[PDB]
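Data first, discussion second: the structure below is written as structure tokens.
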Amino acid sequence: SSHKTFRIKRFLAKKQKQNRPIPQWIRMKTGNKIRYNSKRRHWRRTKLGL
Amino acid sequence: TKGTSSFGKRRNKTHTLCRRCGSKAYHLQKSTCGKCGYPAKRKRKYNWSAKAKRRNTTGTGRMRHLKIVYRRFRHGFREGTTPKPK
Amino acid sequence: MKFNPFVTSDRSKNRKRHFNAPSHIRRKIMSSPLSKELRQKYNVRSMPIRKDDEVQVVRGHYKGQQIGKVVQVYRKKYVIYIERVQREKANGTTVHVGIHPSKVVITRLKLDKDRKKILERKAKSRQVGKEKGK
Amino acid sequence: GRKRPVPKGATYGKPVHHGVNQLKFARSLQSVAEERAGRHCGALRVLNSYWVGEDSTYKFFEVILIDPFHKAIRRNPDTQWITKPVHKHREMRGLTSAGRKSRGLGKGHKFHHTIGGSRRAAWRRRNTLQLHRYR
Amino acid sequence: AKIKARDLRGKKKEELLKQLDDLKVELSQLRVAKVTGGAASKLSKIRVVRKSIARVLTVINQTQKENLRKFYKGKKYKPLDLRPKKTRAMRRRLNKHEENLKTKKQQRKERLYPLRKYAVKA
Amino acid sequence: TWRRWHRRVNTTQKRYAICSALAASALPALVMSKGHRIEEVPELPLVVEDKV
Amino acid sequence: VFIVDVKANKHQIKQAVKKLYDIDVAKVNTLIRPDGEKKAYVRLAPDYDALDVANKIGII
Amino acid sequence: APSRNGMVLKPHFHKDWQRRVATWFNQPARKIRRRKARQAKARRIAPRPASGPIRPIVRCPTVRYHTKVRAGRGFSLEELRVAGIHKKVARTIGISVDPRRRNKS
RNA sequence: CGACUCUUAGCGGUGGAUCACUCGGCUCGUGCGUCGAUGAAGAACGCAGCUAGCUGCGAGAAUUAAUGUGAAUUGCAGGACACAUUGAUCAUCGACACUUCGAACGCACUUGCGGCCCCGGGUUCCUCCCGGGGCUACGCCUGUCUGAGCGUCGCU
RNA sequence: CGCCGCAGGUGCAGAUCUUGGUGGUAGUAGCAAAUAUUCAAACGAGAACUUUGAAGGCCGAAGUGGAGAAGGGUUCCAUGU
RNA sequence: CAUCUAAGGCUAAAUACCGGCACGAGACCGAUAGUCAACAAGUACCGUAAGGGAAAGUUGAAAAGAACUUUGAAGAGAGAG
RNA sequence: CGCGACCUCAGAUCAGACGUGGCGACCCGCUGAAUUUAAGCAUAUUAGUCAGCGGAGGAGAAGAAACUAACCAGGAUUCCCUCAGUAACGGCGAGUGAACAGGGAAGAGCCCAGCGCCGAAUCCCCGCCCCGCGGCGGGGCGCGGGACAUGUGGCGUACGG
Ligand SMILES: [Mg+2]
Ligand SMILES: [Mg+2]
Ligand SMILES: [Mg+2]
Ligand SMILES: [Mg+2]
Ligand SMILES: [Mg+2]
Ligand SMILES: [Mg+2]
Ligand SMILES: [Mg+2]
Ligand SMILES: [Mg+2]
Ligand SMILES: [Mg+2]
Ligand SMILES: [Mg+2]
Ligand SMILES: [Mg+2]
Ligand SMILES: [Mg+2]
Ligand SMILES: [Mg+2]
Ligand SMILES: [Mg+2]
Ligand SMILES: [Mg+2]
Ligand SMILES: [Mg+2]
Ligand SMILES: [Mg+2]
Ligand SMILES: [Mg+2]
Ligand SMILES: [Mg+2]
Ligand SMILES: [Mg+2]
Ligand SMILES: [Mg+2]
Ligand SMILES: [Mg+2]
Ligand SMILES: [Mg+2]
Ligand SMILES: [Mg+2]
Ligand SMILES: [Mg+2]
Ligand SMILES: [Mg+2]
Ligand SMILES: [Mg+2]
Ligand SMILES: [Mg+2]
Ligand SMILES: [Mg+2]
Ligand SMILES: [Mg+2]
Ligand SMILES: [Mg+2]
Ligand SMILES: [Mg+2]
Ligand SMILES: [Mg+2]
Ligand SMILES: [Mg+2]
Ligand SMILES: [Mg+2]
Ligand SMILES: [Zn+2]
């Protein structure tokens, strides 16, 4: 809602910054074996526990 | 109707995030965490669930102090001494 | 054969220790043999590979006597790069080909105050072993 | 005595276990007194206790406690033993005189239940299957 | 232009703080340049300045701590961060003086009846 | 883990096998039948002095 | 407009801006971004000029 | 079910015996650990005879074993007295006095 | 004669069995056998030039110092780095530092609300505002100070 | 890998068996609750569905309108694919 | 007749160890096996919660990871390397 | 109708300490099932076991006889082999079930209270100085405080003193 506590908004804040695609230059690192952010989240598909 | 219609009127949280153990098991009305038991001092832990014990035991987290304690034991917990500067 | 009960002969442990080695003991793993003239003038067989010493490839596609200067040691990749050991890619530019330092022989070293000290310490140890083996 | 703390006096199954009222606690009331003083004063070490007149409904015991970090106790041998960490909360482990009596320890034919150092120590040893390498 | 902890250790706290200040203002303009685009060179000097601040702060924090340790040398009571830290259990034990002392009964028995070194022939 | 990995043999039987193995090492047909390439060796029960 | 620590109130923001930029501020309007960092709008005194200061800051 | 003809066997395996199973795979390791502690102890007491103090002659206390003799816990105070050595200095000599044994013979 | 359907074969797809490999387990054994109010385990939130996860770290934040080592790190860039008017990296780690919850400690879980004592500014001492620092949990031991009692007494 | 011995978590068609993959069904059922779309133009490789304009309609103020509370958590706004 | 001397206290060694630190080994398993987890695994995800809980290894010696020409709007092709 | 002594209590953000929580494989103290077996089932069994609560250490507990024995006697505890699936318990059904002696691993013994004697000989705390630091001790100095005769310390403990 519009009415939030500070600690909820700080929780929502972190979840926003870590829902970002991996940098493109990561693919070039030696022994990368990573391809995409597999922990990406969409607001409509899966909901936060909070 | 006990099915689809009844699921529409659920908009009141029963649990919130716990200050200790950070899990969303802090019952609002009871003011007690259902995961770590936090109105209380002693951490809630039962032997009838070994998976829950191993989900949150020692070593499942950062181990900030104890990981250096394991280091200092190998040298006898020495203090106030220096490596003899060049 | 191995008798010390505190050093392992396990294949998985040796491979794990080799591929996860820190940089400072990855440097020792990348040691390279010295030439016949370098072995006679000093008393040391193998020497860890440095940045700017000349070297010739003795195995692989790039065998020969073209004394090439080392231009980069890639301890992450366990390879070193040499001046003329290059390959042209599709676009036409040139890139170095990495070769394991065990497949090259050092012909001249890059000497500093530290290199001389390590050079002299290996010579004194072999001399000690030789006199014990009189 | 000890009443079994089951709601409405309902134990379930095996009428042998239907007992509620005439059941007795394994430890004496003196052991309970030392535990209650030891749990309150967690910074002191219970030494011993005695009896000072009971009641119809109460029993009164005086419990001797030792401060393990007083210098008068620390700087005097024959008392440094209680300052050692293995001697903390003796009354909870049944090491006090009152706590010991409920364990069935002793020498002789009367006390074969605790021949391993405790009742559980004896039970484990005589219920463990020794599977030697060569059988 | 690089600073080292070894050469910082001779200066007084008056210009050590002075050196920390202009080191902090330099990091302020560095973060400004990072926001306004700036250059790859200026971005790379952010880390070199951050470590320089830690270097200067470590020296003043150390220098203060050895002065406090020297001041409380021989004091009966010292602050909790100046007394040894080893382990809560190891701090509870008895010291060498009150671990090794014996009752007069025990040492009289030791004086009277010491363990003799002996052998038996065949 | 309690699979009875070990077996105990009687001491008399164990000595019996050792005696049998020693007796077989002195017959060239048996040692050759083990594929040991002893054709140029003399005196099949082969003894050297203690200098070795 | 600056980005400030979430633990700094408008008084410390005003003192910090006034001392480390040698300007006089009129009021501070603060908000915490959805990212989780504070944003401070620092209105300068009428005798100061933001463009003048923003030049000296380097954010022009 | 009994098949034809055998022992009436009563195995004592009704008590969840597989948690209290003592395996002996550390038997050879224990023998070494005890062996080298014996060697270390013997070399610590350099001239002392490496195997504890002297023990008395002792008769086994039952009609099944009273024909044989063995080594008891230690010498009794009456044998120490008539040998003219003090009960306190005896154990420093390596004699192992046992004060609660009496001599009826 | 086509079409369709079936059988077999070649080739091509779908699929990921088989085989070979293994920085992973499982089992056994050995030596140690060490947490915490000097604030643990655990959680939260932050920290990279470009960084989401994992990892490491704590406002000195993918680390400071010190010591060994001795020219790298590396996906790109950058500037270093005389390697002696002292050194990249890595390792070790004994100096320093170590945010917020948490036994969690001023009260409460709303970054809600206090109290006392010092310091600096606004004061231009008088104490109102702002900032900084240190205290303010419960139980309990020894001692200290202050006390209560028509408790037992002594002197008037 | 053969031969002499040793030891097995040693042989599958079934268990409405476990896991994974694949068929016929089958280009089939279906994409039918709440009246309704049409003309021209623009962008564009591409228009029944986008946008603009013109028309015909519907919600008809107890709305298919304008705002909030819980709840969600960036879905808000620009630009580009 | 024998035997001990309760109702106070301490005491090492031989003994135990499926948690922890660091090691060594194996007639074990070999990616549906072996730990749930060989991999950003107690992760993704599910449940109000207690709690439940996966799937997922392999180019090549070396990226030398296909320049360049051509058709298509591109995916995608044909040559070339 | 005050001022003192003691006793019994109280307050303090008083000076200096201590406990709390975690892990818990092993160990100690409690509490404690039912499935299952008995071809049903209630005593019995499962089992003093799972689950539950408390307390520790590198081990823990035990431990130096109010013992075993009945012998020509042995001699703390703990562990191994054996005793022994035995004596015994048991709807004497299903089932349960030790100890002594013997051989080994290890081996170690002691301290109080009391009864007495010794001018409280005893102990803590705060200051002085110096010898020191390195987990903080020694020495002496205080017409310095307190504890303590409602009993501190030395001798001494069933083997006698
Ligand atoms: Mg939804
Ligand atoms: Mg409710
Ligand atoms: Mg060699
Ligand atoms: Mg029953
Ligand atoms: Mg005495
Ligand atoms: Mg606001
Ligand atoms: Mg075909
Ligand atoms: Mg095919
Ligand atoms: Mg450094
Ligand atoms: Mg409120
Ligand atoms: Mg009065
Ligand atoms: Mg099978
Ligand atoms: Mg098969
Ligand atoms: Mg099949
Ligand atoms: Mg159709
Ligand atoms: Mg239709
Ligand atoms: Mg209408
Ligand atoms: Mg939008
Ligand atoms: Mg698997
Ligand atoms: Mg496969
Ligand atoms: Mg799996
Ligand atoms: Mg896991
Ligand atoms: Mg205080
Ligand atoms: Mg039945
Ligand atoms: Mg049945
Ligand atoms: Mg039934
Ligand atoms: Mg249990
Ligand atoms: Mg505890
Ligand atoms: Mg003990
Ligand atoms: Mg004991
Ligand atoms: Mg028999
Ligand atoms: Mg039983
Ligand atoms: Mg022996
Ligand atoms: Mg006395
Ligand atoms: Mg006695
Ligand atoms: Zn919780």
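FYI, nothing fancy with the structure tokens labels: chains A, B, ... in order, residues from 1 per chain, ligands from 1 as they appear.
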
- Residues near residue 21 (chain H), cut-off 10 Å, only C-alpha atoms (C1' of nucleotides), skip fewer than 5 positions along chain, as a list in words: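 Listed by chain and then number, they are residues 127, 128, 129, 130 and 131 of chain D; 2 of chain F.
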
- Near residue 82 (chain C), within 9 Å and counting only C-alpha atoms (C1' of nucleotides), which residues show up once chain neighbours fewer than 3 positions away are dropped, as a ChimeraX atom specification? /C:54-56,68-72,85-86,96-99

The selected residues should be written to file as a PDB file, in the first residue's frame (atoms: N, CA and C atoms).
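Output file selection24.pdb is given in full below:
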```
ATOM      1  N   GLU C  54      63.586 -14.365 -22.160  1.00  0.00           N
ATOM      2  CA  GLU C  54      63.479 -15.032 -23.448  1.00  0.00           C
ATOM      3  C   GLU C  54      63.255 -16.526 -23.258  1.00  0.00           C
ATOM      4  N   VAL C  55      62.634 -17.146 -24.259  1.00  0.00           N
ATOM      5  CA  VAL C  55      62.189 -18.527 -24.148  1.00  0.00           C
ATOM      6  C   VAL C  55      61.969 -19.064 -25.554  1.00  0.00           C
ATOM      7  N   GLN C  56      62.126 -20.378 -25.713  1.00  0.00           N
ATOM      8  CA  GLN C  56      61.792 -21.049 -26.961  1.00  0.00           C
ATOM      9  C   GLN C  56      60.891 -22.242 -26.676  1.00  0.00           C
ATOM     10  N   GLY C  68      61.877 -16.255 -28.204  1.00  0.00           N
ATOM     11  CA  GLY C  68      60.857 -15.249 -27.994  1.00  0.00           C
ATOM     12  C   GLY C  68      60.781 -14.809 -26.544  1.00  0.00           C
ATOM     13  N   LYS C  69      60.596 -13.507 -26.350  1.00  0.00           N
ATOM     14  CA  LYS C  69      60.452 -12.957 -25.011  1.00  0.00           C
ATOM     15  C   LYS C  69      59.061 -13.254 -24.476  1.00  0.00           C
ATOM     16  N   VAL C  70      58.991 -13.690 -23.217  1.00  0.00           N
ATOM     17  CA  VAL C  70      57.698 -13.826 -22.562  1.00  0.00           C
ATOM     18  C   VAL C  70      57.099 -12.441 -22.393  1.00  0.00           C
ATOM     19  N   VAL C  71      55.814 -12.309 -22.706  1.00  0.00           N
ATOM     20  CA  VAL C  71      55.146 -11.018 -22.631  1.00  0.00           C
ATOM     21  C   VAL C  71      53.990 -11.007 -21.640  1.00  0.00           C
ATOM     22  N   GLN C  72      53.543 -12.165 -21.160  1.00  0.00           N
ATOM     23  CA  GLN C  72      52.484 -12.237 -20.163  1.00  0.00           C
ATOM     24  C   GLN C  72      52.375 -13.650 -19.615  1.00  0.00           C
ATOM     25  N   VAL C  85      54.760 -16.128 -30.944  1.00  0.00           N
ATOM     26  CA  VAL C  85      53.810 -17.232 -30.928  1.00  0.00           C
ATOM     27  C   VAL C  85      52.407 -16.646 -30.966  1.00  0.00           C
ATOM     28  N   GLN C  86      51.906 -16.381 -32.169  1.00  0.00           N
ATOM     29  CA  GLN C  86      50.610 -15.747 -32.350  1.00  0.00           C
ATOM     30  C   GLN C  86      49.817 -16.483 -33.417  1.00  0.00           C
ATOM     31  N   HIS C  96      47.812 -13.819 -29.108  1.00  0.00           N
ATOM     32  CA  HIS C  96      48.799 -14.782 -28.651  1.00  0.00           C
ATOM     33  C   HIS C  96      48.153 -16.138 -28.406  1.00  0.00           C
ATOM     34  N   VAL C  97      48.954 -17.186 -28.557  1.00  0.00           N
ATOM     35  CA  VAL C  97      48.553 -18.549 -28.238  1.00  0.00           C
ATOM     36  C   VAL C  97      49.195 -18.909 -26.909  1.00  0.00           C
ATOM     37  N   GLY C  98      48.379 -19.357 -25.960  1.00  0.00           N
ATOM     38  CA  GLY C  98      48.904 -19.716 -24.654  1.00  0.00           C
ATOM     39  C   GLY C  98      49.506 -21.107 -24.675  1.00  0.00           C
ATOM     40  N   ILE C  99      50.706 -21.234 -24.121  1.00  0.00           N
ATOM     41  CA  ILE C  99      51.389 -22.513 -24.007  1.00  0.00           C
ATOM     42  C   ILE C  99      51.839 -22.695 -22.566  1.00  0.00           C
TER      43      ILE C  99
END
```

- Return as a PyMOL selection string every polymer residue, whether protein, DNA or RNA, with at least one atom no more than 6 Å from an atom of ligand 36; count only C-alpha atoms (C1' of nucleotides) and all ligand atoms. chain B and resi 18+20-23+33+35-38

- Would you list, as an NGL selection string, the residues of chain C that end up in alpha helix (DSSP H) under DSSP run on this structure's backbone? :C and (11-19 or 23-29 or 36-41 or 113-132)

Restricting the output to C-alpha atoms, write the selected residues as a PDB file, in the first residue's frame.
```
ATOM      1  CA  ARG C  11      43.932 -38.150  -7.558  1.00  0.00           C
ATOM      2  CA  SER C  12      40.950 -35.930  -6.749  1.00  0.00           C
ATOM      3  CA  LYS C  13      42.746 -34.127  -3.917  1.00  0.00           C
ATOM      4  CA  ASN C  14      45.821 -33.431  -6.049  1.00  0.00           C
ATOM      5  CA  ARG C  15      43.733 -32.163  -8.969  1.00  0.00           C
ATOM      6  CA  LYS C  16      41.588 -30.026  -6.658  1.00  0.00           C
ATOM      7  CA  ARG C  17      44.711 -28.603  -5.024  1.00  0.00           C
ATOM      8  CA  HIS C  18      46.268 -27.932  -8.433  1.00  0.00           C
ATOM      9  CA  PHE C  19      43.323 -26.143 -10.057  1.00  0.00           C
ATOM     10  CA  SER C  23      48.563 -17.236  -7.172  1.00  0.00           C
ATOM     11  CA  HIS C  24      51.762 -17.447  -5.123  1.00  0.00           C
ATOM     12  CA  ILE C  25      52.004 -21.241  -5.405  1.00  0.00           C
ATOM     13  CA  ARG C  26      50.507 -21.147  -8.893  1.00  0.00           C
ATOM     14  CA  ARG C  27      53.755 -19.330  -9.684  1.00  0.00           C
ATOM     15  CA  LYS C  28      55.831 -22.328  -8.578  1.00  0.00           C
ATOM     16  CA  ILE C  29      53.645 -24.692 -10.613  1.00  0.00           C
ATOM     17  CA  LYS C  36      72.024 -26.250 -21.135  1.00  0.00           C
ATOM     18  CA  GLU C  37      74.094 -23.055 -21.045  1.00  0.00           C
ATOM     19  CA  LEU C  38      71.955 -21.706 -18.208  1.00  0.00           C
ATOM     20  CA  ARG C  39      72.209 -25.005 -16.323  1.00  0.00           C
ATOM     21  CA  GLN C  40      76.010 -25.025 -16.599  1.00  0.00           C
ATOM     22  CA  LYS C  41      76.560 -21.385 -15.611  1.00  0.00           C
ATOM     23  CA  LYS C 113      67.938  -8.668  -6.674  1.00  0.00           C
ATOM     24  CA  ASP C 114      65.333 -11.345  -5.882  1.00  0.00           C
ATOM     25  CA  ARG C 115      66.042 -13.540  -8.918  1.00  0.00           C
ATOM     26  CA  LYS C 116      69.743 -13.718  -8.048  1.00  0.00           C
ATOM     27  CA  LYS C 117      68.834 -14.672  -4.475  1.00  0.00           C
ATOM     28  CA  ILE C 118      66.555 -17.519  -5.567  1.00  0.00           C
ATOM     29  CA  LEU C 119      69.139 -18.546  -8.174  1.00  0.00           C
ATOM     30  CA  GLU C 120      71.863 -18.771  -5.524  1.00  0.00           C
ATOM     31  CA  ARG C 121      69.673 -20.562  -2.978  1.00  0.00           C
ATOM     32  CA  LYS C 122      68.813 -23.441  -5.308  1.00  0.00           C
ATOM     33  CA  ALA C 123      72.485 -23.755  -6.262  1.00  0.00           C
ATOM     34  CA  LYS C 124      73.558 -23.981  -2.617  1.00  0.00           C
ATOM     35  CA  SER C 125      70.929 -26.641  -1.904  1.00  0.00           C
ATOM     36  CA  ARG C 126      71.993 -28.850  -4.810  1.00  0.00           C
ATOM     37  CA  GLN C 127      75.617 -28.424  -3.726  1.00  0.00           C
ATOM     38  CA  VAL C 128      74.637 -29.564  -0.225  1.00  0.00           C
ATOM     39  CA  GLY C 129      72.885 -32.615  -1.654  1.00  0.00           C
ATOM     40  CA  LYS C 130      75.860 -33.426  -3.874  1.00  0.00           C
ATOM     41  CA  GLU C 131      78.392 -33.291  -1.032  1.00  0.00           C
ATOM     42  CA  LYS C 132      76.116 -35.478   1.103  1.00  0.00           C
TER      43      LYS C 132
END
```

Identify, counting only C-alpha atoms (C1' of nucleotides) and all ligand atoms, the protein, DNA and RNA residues located within 9 Å of ligand 34, and give them as a PDB file with N, CA and C atoms (P, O5', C5', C4', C3', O3' and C1' of nucleotides), in the first residue's frame.
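Output file result-v3.pdb follows:
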```pdb
ATOM      1  P     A L 113      37.982 -29.215  59.631  1.00  0.00           P
ATOM      2  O5'   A L 113      36.501 -29.556  60.090  1.00  0.00           O
ATOM      3  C5'   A L 113      35.401 -28.832  59.569  1.00  0.00           C
ATOM      4  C4'   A L 113      34.092 -29.475  59.945  1.00  0.00           C
ATOM      5  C3'   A L 113      33.958 -29.921  61.389  1.00  0.00           C
ATOM      6  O3'   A L 113      33.649 -28.856  62.267  1.00  0.00           O
ATOM      7  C1'   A L 113      33.162 -31.622  59.955  1.00  0.00           C
ATOM      8  P     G L 151      29.877 -20.590  63.555  1.00  0.00           P
ATOM      9  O5'   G L 151      31.277 -19.959  63.970  1.00  0.00           O
ATOM     10  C5'   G L 151      32.070 -19.252  63.024  1.00  0.00           C
ATOM     11  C4'   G L 151      33.517 -19.678  63.079  1.00  0.00           C
ATOM     12  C3'   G L 151      33.772 -21.157  62.794  1.00  0.00           C
ATOM     13  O3'   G L 151      35.021 -21.307  62.127  1.00  0.00           O
ATOM     14  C1'   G L 151      34.550 -20.625  64.958  1.00  0.00           C
ATOM     15  P     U L 152      35.073 -21.467  60.532  1.00  0.00           P
ATOM     16  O5'   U L 152      35.813 -20.145  60.049  1.00  0.00           O
ATOM     17  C5'   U L 152      36.311 -20.025  58.728  1.00  0.00           C
ATOM     18  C4'   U L 152      37.644 -19.327  58.709  1.00  0.00           C
ATOM     19  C3'   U L 152      38.865 -20.227  58.655  1.00  0.00           C
ATOM     20  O3'   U L 152      39.147 -20.705  57.353  1.00  0.00           O
ATOM     21  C1'   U L 152      39.180 -18.606  60.327  1.00  0.00           C
ATOM     22  P     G L 153      39.577 -22.236  57.144  1.00  0.00           P
ATOM     23  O5'   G L 153      41.114 -22.258  57.560  1.00  0.00           O
ATOM     24  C5'   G L 153      42.044 -21.375  56.951  1.00  0.00           C
ATOM     25  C4'   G L 153      43.321 -21.273  57.747  1.00  0.00           C
ATOM     26  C3'   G L 153      44.000 -22.583  58.107  1.00  0.00           C
ATOM     27  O3'   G L 153      44.756 -23.116  57.035  1.00  0.00           O
ATOM     28  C1'   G L 153      43.962 -21.152  59.994  1.00  0.00           C
TER      29        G L 153
END
```

- Message: as a ChimeraX atom specification, please: every residue in chain B that DSSP puts in strand (DSSP E or B).
- Response: /B:15-16,26-27,32-33

Pull N, CA and C atoms from the residues just selected and write them as a PDB file, in the first residue's frame.
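Generated output (result-v8.pdb):
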```pdb
ATOM      1  N   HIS B  15       1.020 -13.352   9.767  1.00  0.00           N
ATOM      2  CA  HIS B  15       2.415 -13.355  10.168  1.00  0.00           C
ATOM      3  C   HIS B  15       3.153 -12.208   9.493  1.00  0.00           C
ATOM      4  N   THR B  16       4.190 -11.721  10.161  1.00  0.00           N
ATOM      5  CA  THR B  16       5.090 -10.714   9.621  1.00  0.00           C
ATOM      6  C   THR B  16       6.529 -11.174   9.819  1.00  0.00           C
ATOM      7  N   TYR B  26       6.288 -14.348  12.437  1.00  0.00           N
ATOM      8  CA  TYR B  26       5.939 -13.588  13.632  1.00  0.00           C
ATOM      9  C   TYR B  26       4.437 -13.352  13.650  1.00  0.00           C
ATOM     10  N   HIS B  27       3.724 -14.154  14.434  1.00  0.00           N
ATOM     11  CA  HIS B  27       2.283 -14.002  14.571  1.00  0.00           C
ATOM     12  C   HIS B  27       1.970 -12.635  15.163  1.00  0.00           C
ATOM     13  N   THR B  32       4.295 -13.739  18.825  1.00  0.00           N
ATOM     14  CA  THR B  32       5.214 -14.853  18.991  1.00  0.00           C
ATOM     15  C   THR B  32       5.571 -15.408  17.624  1.00  0.00           C
ATOM     16  N   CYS B  33       6.865 -15.575  17.373  1.00  0.00           N
ATOM     17  CA  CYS B  33       7.311 -16.165  16.122  1.00  0.00           C
ATOM     18  C   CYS B  33       7.071 -17.667  16.149  1.00  0.00           C
TER      19      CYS B  33
END
```

- Could you give me, as a ChimeraX atom specification, the residues within 12 Å of region 65-68 of chain J, counting only C-alpha atoms (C1' of nucleotides) and dropping anything in the same chain fewer than 3 positions from it? /A:1-2 /J:59-61

- Given a cut-off of 10 Å, what residues near ligand 21 show up using only C-alpha atoms (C1' of nucleotides) and all ligand atoms, put as a ChimeraX atom specification? /K:32,35-37,54-55

Can I get the selected residues back with C-alpha atoms (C1' of nucleotides), as a PDB file, in the first residue's frame?
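Written file, again-v1.pdb:
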```pdb
ATOM      1  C1'   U K  32      17.549 -41.332 -12.360  1.00  0.00           C
ATOM      2  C1'   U K  35      24.493 -36.655   0.630  1.00  0.00           C
ATOM      3  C1'   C K  36      18.398 -33.312  -0.860  1.00  0.00           C
ATOM      4  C1'   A K  37      22.607 -30.674  -2.997  1.00  0.00           C
ATOM      5  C1'   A K  54      13.686 -29.909  -6.744  1.00  0.00           C
ATOM      6  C1'   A K  55      15.662 -29.906 -11.844  1.00  0.00           C
TER       7        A K  55
END
```

- Message: Residues contacting ligand 16 - anything with an atom at most 8 Å away, using only C-alpha atoms (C1' of nucleotides) and all ligand atoms - can you give me those as an NGL selection string?
- Response: :J and (30-32)

- Item | Env. residues ligand 8 / 12 Å / only C-alpha atoms (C1' of nucleotides) and all ligand atoms / as a list in words | residues 10, 11, 12, 13, 14 and 15 of chain I

- How would you write, as a list in words, the set of residues no farther than 9 Å from ligand 20 when counting only C-alpha atoms (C1' of nucleotides) and all ligand atoms? residues 16, 17, 18 and 19 of chain I; 31 of chain K

Just write the chosen residues, N, CA, C and O atoms (P, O5', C5', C4', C3', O3' and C1' of nucleotides), as a PDB file, in the first residue's frame.
```pdb
ATOM      1  P     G I  16      15.655 -34.722 -23.643  1.00  0.00           P
ATOM      2  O5'   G I  16      16.681 -35.805 -23.094  1.00  0.00           O
ATOM      3  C5'   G I  16      16.242 -37.101 -22.704  1.00  0.00           C
ATOM      4  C4'   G I  16      17.320 -38.134 -22.916  1.00  0.00           C
ATOM      5  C3'   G I  16      18.566 -37.958 -22.056  1.00  0.00           C
ATOM      6  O3'   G I  16      19.124 -39.241 -21.779  1.00  0.00           O
ATOM      7  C1'   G I  16      19.164 -37.814 -24.329  1.00  0.00           C
ATOM      8  P     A I  17      20.025 -39.468 -20.471  1.00  0.00           P
ATOM      9  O5'   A I  17      20.313 -41.030 -20.473  1.00  0.00           O
ATOM     10  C5'   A I  17      19.285 -41.961 -20.179  1.00  0.00           C
ATOM     11  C4'   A I  17      19.411 -43.198 -21.029  1.00  0.00           C
ATOM     12  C3'   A I  17      20.755 -43.901 -20.981  1.00  0.00           C
ATOM     13  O3'   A I  17      20.895 -44.747 -19.855  1.00  0.00           O
ATOM     14  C1'   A I  17      20.069 -43.666 -23.223  1.00  0.00           C
ATOM     15  P     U I  18      22.311 -44.879 -19.118  1.00  0.00           P
ATOM     16  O5'   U I  18      23.266 -45.509 -20.224  1.00  0.00           O
ATOM     17  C5'   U I  18      23.055 -46.819 -20.726  1.00  0.00           C
ATOM     18  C4'   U I  18      24.004 -47.114 -21.858  1.00  0.00           C
ATOM     19  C3'   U I  18      25.472 -46.887 -21.543  1.00  0.00           C
ATOM     20  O3'   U I  18      26.063 -48.000 -20.901  1.00  0.00           O
ATOM     21  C1'   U I  18      24.935 -45.818 -23.575  1.00  0.00           C
ATOM     22  P     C I  19      26.964 -47.790 -19.593  1.00  0.00           P
ATOM     23  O5'   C I  19      28.388 -47.399 -20.181  1.00  0.00           O
ATOM     24  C5'   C I  19      29.028 -48.233 -21.130  1.00  0.00           C
ATOM     25  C4'   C I  19      29.993 -47.456 -21.989  1.00  0.00           C
ATOM     26  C3'   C I  19      31.020 -46.621 -21.252  1.00  0.00           C
ATOM     27  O3'   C I  19      32.108 -47.387 -20.776  1.00  0.00           O
ATOM     28  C1'   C I  19      30.079 -45.350 -22.998  1.00  0.00           C
TER      29        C I  19
ATOM     30  P     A K  31      26.971 -41.924 -14.140  1.00  0.00           P
ATOM     31  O5'   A K  31      25.728 -40.957 -13.956  1.00  0.00           O
ATOM     32  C5'   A K  31      24.979 -40.970 -12.749  1.00  0.00           C
ATOM     33  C4'   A K  31      24.281 -39.655 -12.524  1.00  0.00           C
ATOM     34  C3'   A K  31      23.795 -38.949 -13.785  1.00  0.00           C
ATOM     35  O3'   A K  31      22.553 -38.304 -13.510  1.00  0.00           O
ATOM     36  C1'   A K  31      25.266 -37.533 -12.602  1.00  0.00           C
TER      37        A K  31
END
```

- Test item: residues lying within 12 Å of ligand 17 with only C-alpha atoms (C1' of nucleotides) and all ligand atoms, as a ChimeraX atom specification: /J:35,57-60,63-64

- Task: Kindly compile the residues surrounding ligand 6 within 10 Å, counting only C-alpha atoms (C1' of nucleotides) and all ligand atoms, and format them as a PyMOL selection string.
- Result: chain G and resi 29-32
